[PDB]
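Report on the structure given below.
The chains carry the letters A, B, C, D and E, assigned in the order they are written, with residues numbered from 1 in each.
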């Protein structure tokens, strides 16, 4: 049914026809010089999380649809998303009933080998005033938490932001 | 003591222009498929990186001496070809000497690639040696076509016979040797149509599949000198540079322009053409460039 | 002086020549073209030929420069060299 | 003591840049092959006993990574299968969206196969161009749904994000007309030179009776004499109102299985140009409001469903069985390359030279995340 | 003596193209005509000696952690791996895998992690740019922890899959010739 050729697809080999791949010796080379020409990603690129602390009800509806089992719950009962095991699939956004789990375009996040820079991946996500860390503070599209000082027995994590509030809160207990 | 400093001048200039020529090859192959690519001073930083390790390999007592002999042979290759008027010797720069002393780098970069012991190095040496077998059938006929058209062999009595009268890519019995050299140069270099003594991707890397820090640095020096020696041998025979410091520096500059000239046509062929099976590479250098150089050899006689 | 103002005029013509092609704004290029016609008219007059000086005055000042911006009226004004998703392609 | 003394066993493991991630142990005889068995499974994540523990809706995002070059064909088959066991009413708009993303991911996978072929066939210019023109398709997907690859888009009913509008639909017309004017510069570097035609001639001769009964389902048995296109035989998405023409040759050497994929690229780009001038009418992107809420607790009535869909390398099926709860009882994703470069590759390398072990490896489009599952 | 080589390292990082499974779809177009790496001098070549920038692109099967650590044993001085994706950090979505190796720092010394699934090439650019900033002064990275702190990694290597892989993954074919 609707066989296209009889010998129409098969072409003839040729000696010096590859010189027509040499046409781009003079056109402008199609690259982006990343230091420093920025790219401006999409208006709804899937990125990091921007939980609102006043609409969260702690119903753990997100807990049961995370494909990678990292939206585990804390008490003061909001979730901490860790990006250790998270695929940015954003199934926790359209399943959260109240609407208190958004996503904004922020993907650049580079941390080093030491553990003190690796506590950076355990953050209770902050309010959407972090959109004033995507704009109005040097639009670099990077994770605006940038160090976390956990403390054993005095459990008070400190999201030392770019220049804003240190955002102290206590964490006691996990799960339900 | 003055010929020693002059030879040191030639080897250090051949270093600091051969690496820039390989960087120019990388720049043109970058622009040939729409990319900025590296800076011009790129493979200098390759060599400068590869002498800054803290471990090496040294599989054997011969694993060192083969590539060191390759570097010594490729320095001996460029010492006789008349790099402008400044030559450490111009009495004896015979055709057979320089032609055979391009092949001896393809020994020592492979003779010490065997001492490691690898099926990848073994089949790289297997696919490198059929080139050096096959390429000397149109190469010898090009040398005979240069020979019987002039008669003299001392290469100072060839650039003199060019700057006296005529160019050398003209006079069609000698131009048919140049097309044979233009085809054999991509194999003698290691550029993409006749690539297979490098072969990045099909086999792992062939002969230089596992060398290490210092050995790859000596290879980059040897590869840049193989570039410069075979290109200067093509230009001081088929083109002729020949020719006070404002005369000498401009002589070497127009020699550098004719170095880039065949190097420019070595790249345009050497990116739009895929890699060649070695069974066809043995079959190709007997069909077309052999009969071209043979017609040139019977028209030079 | 004699030759110093000549060197001043000729280097001013050169710096209004180089900066006539470095700009992207084409109205600015007409400005640079008019300044080149200025220094050409002054150099014609200083080289003591007034016929060519007044002819180039009536030609290059507002019949070659004022015909060119007259042509960029219904055309571009920038180089338009462009940030972007599908850009510089 | 080396106990073979006759046949040296070089083998292209993972770190080789010709084979991607599956080791083929080759019992080489000088420069030919006399026995070529393969050891796949350097990538066995597991998806039988791993996708059995997630709920029905969230088992999309975990199931994307079964095939890397096409980041939409694995989700659009599971979304077609859970469509069947529940029996939705997926509207015209969701059908059109899933159609166009299923064809633009296919031209992305063809472009990636061209770039992957040229990185191991020496010529880099056809590789750099192919990846450059794949990047604008990635940057066009990013407007629509999410990331570059692994865009978790097609949930079991409908899609997740609709079109932006005339900023997007005009843009696809621009890049498709651009690449249809661009495709005549891929022929001169990859399919018109007398190197490639003299390099891939007569290697890996696949017979006519050796393709249909072997496990081969892709476009590469279509270069042998076989009339089977799953888009043409049983159209599933908005395929019947397209009228494309499929290629079939009577050959079966390796370059027959490359020209057919080039012609498939040409006619598939003609499909995307033909689909766009239709344009989607109105409708919702979701399917139903009441039978979707409490998204984890998604009890599906029991039964089973099979679906299968055309890919860049092999018509590869899914097999979902539903016990009756919020867990797929077994979701089997049949990889396209299970007997398509593992078993048929064993009787294809016997006699072939070493230079045409990587080219044969890419003339079947071997993707190592499909053998393991 | 020392800064004559230190600037030379951060300009010609040769990457080895392992292409570790899922993730070899943003390893090539990272190094092609678009958003590129040869402008940084990152020229790929498939050799376990002529490299000093290993990209563990995503997950690691223990039938590949043998091959990765054998490749990692051969780069002489300046080997430092750049972990990728979100697999090496804590395990990706395959934390429910008997195969896919969680917590990559317990096996080979990771220098720098990126996030993303898949990580966009701009994030890889940020990762390499932070790796350049780290390698300017020189910051006690990997190859300096795999040497003195070998007693911990060799114990953690041998505990998972262990017992001398050079006899288990070598004798696994000589009966099946």
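We adopt the following convention: contacts are C-beta pairs under 8 Å (C-beta built on N, C-alpha and C of every residue); 3 or more make two chains touch, one makes a residue touch a chain.
Composition by chain, UniProt nomenclature: A = NADH dehydrogenase subunit I; B = NADH dehydrogenase subunit; C = MrpA C-terminal/MbhD domain-containing protein; D = NADH dehydrogenase subunit D; E = NADH dehydrogenase subunit B.
Chemist: By the touch rule set out at the top, what is the minimum number of steps from chain C to chain E (NADH dehydrogenase subunit B)?
Modeler: Minimum step count, chain C to chain E (NADH dehydrogenase subunit B): 2.
Chemist: Looking at chain pairs B-E and A-C, which one is connected by more C-beta pairs in contact?
Modeler: When the contacts at B-E and A-C are counted, B-E has more.
Chemist: Taking each chain's centre as its mean C-alpha position, how far apart are chain B (NADH dehydrogenase subunit) and chain C in Å?
Modeler: 51
Chemist: Based only on mean CA positions, could you tell me how far chain B (NADH dehydrogenase subunit) sits from chain D (NADH dehydrogenase subunit D) in angstrom?
Modeler: Between these chains, centre-to-centre, one finds 44 Å.
Chemist: Taking each chain's centre as its mean C-alpha position, how far apart are chain D (NADH dehydrogenase subunit D) and chain E (NADH dehydrogenase subunit B) in Å?
Modeler: 28
Chemist: Touching two or more other chains, which residues of chain C qualify?
Modeler: Chain C, residues with two or more chain partners: 85, 89.
Chemist: At least two partner chains per residue is the criterion; list those residues in chain A (NADH dehydrogenase subunit I).
Modeler: Correct list: 18, 21, 29-33, 41, 67-68, 87-88.
Chemist: Would you mind listing the residues of chain E (NADH dehydrogenase subunit B) that make contact with two or more other chains?
Modeler: 32-36, 39, 46, 48, 93, 96, 116-117, 120, in rising order.
Chemist: Which of the residues in chain B (NADH dehydrogenase subunit) come into contact with chain D (NADH dehydrogenase subunit D) in the complex?
Modeler: Touch list, chain B (NADH dehydrogenase subunit) to chain D (NADH dehydrogenase subunit D): 29, 32-35, 119-120, 122-123, 126-127, 192-193, 195, 201-204, 271-280.
Chemist: How about chain B (NADH dehydrogenase subunit): which of its residues touch chain A (NADH dehydrogenase subunit I) in the complex?
Modeler: 28, 30-36, 268, 272-273
Chemist: Could you please specify the touching residues of chain C with respect to chain A (NADH dehydrogenase subunit I) in the complex?
Modeler: 83-85, 88-89
Chemist: Considering only the defined contacts, which chain E (NADH dehydrogenase subunit B) positions touch chain A (NADH dehydrogenase subunit I) in the complex?
Modeler: 33-36, 39, 86, 89-93, 95-96, 105, 109-117, 119-120, 122-123, 125-127, 129-130, 134, 139, 141-142
Chemist: Considering only the defined contacts, which chain D (NADH dehydrogenase subunit D) positions touch chain C in the complex?
Modeler: Touch residues, chain D (NADH dehydrogenase subunit D) against chain C: 136, 139, 143, 171, 174-175.
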